[PDB]
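# Coordinate analysis (summary)
So you can see what is in the structure, the chains are spelled out below.
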Amino acid sequence: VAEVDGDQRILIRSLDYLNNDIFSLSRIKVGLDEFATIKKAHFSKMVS
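Below or above, wherever it landed, is the structure these notes cover. (Residues numbered from 1 in each chain as written, not as in the entry; some residues may be left out. Part of a larger assembly, values for the part shown. Heavy atoms only, no water.)

### Examining the pattern of salt bridges
Scanning the model with the defined rule gives 1 salt bridge in all. Residues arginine 13 and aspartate 16 are paired through a salt bridge, measuring 2.9 Å at the closest nitrogen-oxygen approach. With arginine 13 and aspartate 16 both in helix α1 (residues 12-18), this residue pair falls 3 residues apart, about one helical turn. (Salt bridge = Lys/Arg side-chain N within 4 Å of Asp/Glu carboxyl O. Helix = DSSP H or I, 4+ residues; strand = E, 2+ residues; numbered from the N terminus.)

Okay, here's the thing in structure tokens:
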């Protein structure tokens, strides 16, 4: 059991390449299979 400072899993430059085939504003991928999604707001509030 050693201890070291956790490395960075995601790089900003990285996901610019990963997202060129994914055109969606709530669905972005920050890794191989994990996604990032903005919470849904249930449309009924679209009148405002």
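### Some details on the side chain of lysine 29
One can find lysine 29 in the segment after α1. Polar side-chain contacts of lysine 29 include one of 3.3 Å to the backbone oxygen of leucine 32. Dropping the residues within four chain positions of it, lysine 29 is found in contact with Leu15, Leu18, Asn19, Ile22, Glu34 and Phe35. (Polar contact = N/O pair within 3.5 Å; in protein donor to acceptor, adjacent residues only side chain to side chain. Contact = heavy atoms within 4.5 Å.)

### What to know about the environment of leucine 11
Mapped onto the secondary structure, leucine 11 falls in the segment before α1. You can call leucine 11 partly exposed: its relative accessible area is 48%. Between the C-alpha atoms of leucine 11 and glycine 31, which are 20 residues apart in sequence, the distance is 9.4 Å. (Buried < 20%, exposed > 50% of the residue type's maximum accessible area, 1.4 Å probe, protein only.)

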